[PDB]
């Protein structure tokens, strides 16, 4: 199932993500440079998110170009964000013009891939299945990807012969 995900918007999946589902976020541009304008916020941050029916952010994926890092986290609806889990940003992107972030669902954790190469395993923190995805950025900034992304949801059986 394909979805069009515009910058600063949220899109509903067609159904809750089943066990071992796979979500691919596809860009047609790469920009690893700091945003021209920092904007009111004061922090260079663009992110994609997996959200449940209640509005909780099961997985938050932030790209911090001025900090050279990927920030993973979870955010209960209307509450503060938990402890951050970070890893270096350099050396993950930069190999192709259409960068992508792939998420592989497992019972207790999320497998995260950059341009199809696993870079981290994030332990789940909040309850409930993914039913929405969002693409957000702090006011006045410019993203590290195209301002519109292609999002595909599929299962291993799909990318293998048969129906």
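Residue numbers count along the first chain shown, from 1.
A.B. asks: Look over 5-13 and 151-159 in the entry and identify the one with the greater average Cα temperature factor.
C.D. replies: Averaging CA B-factors over each stretch, the winner is 151-159.
A.B. asks: Quick one: say whether 128-136 or 91-99 has the higher mean Cα B-factor in the deposited entry.
C.D. replies: Averaging CA B-factors over each stretch, the winner is 91-99.
A.B. asks: From the list 123, 66, 117, 106, select the residue with the highest C-alpha B factor recorded in the entry.
C.D. replies: Answer for 123, 66, 117, 106: 66, with the highest C-alpha B-factor.
A.B. asks: Between 37, 52, 26, 46, let me know which has the highest C-alpha B-factor in the entry?
C.D. replies: So the option with the highest C-alpha B-factor is 37.
A.B. asks: Rank-wise, by C-alpha B-factor, drop residue 141 into the lowest, middle or highest third of its chain.
C.D. replies: Its C-alpha B-factor belongs to the highest third of this chain's values.
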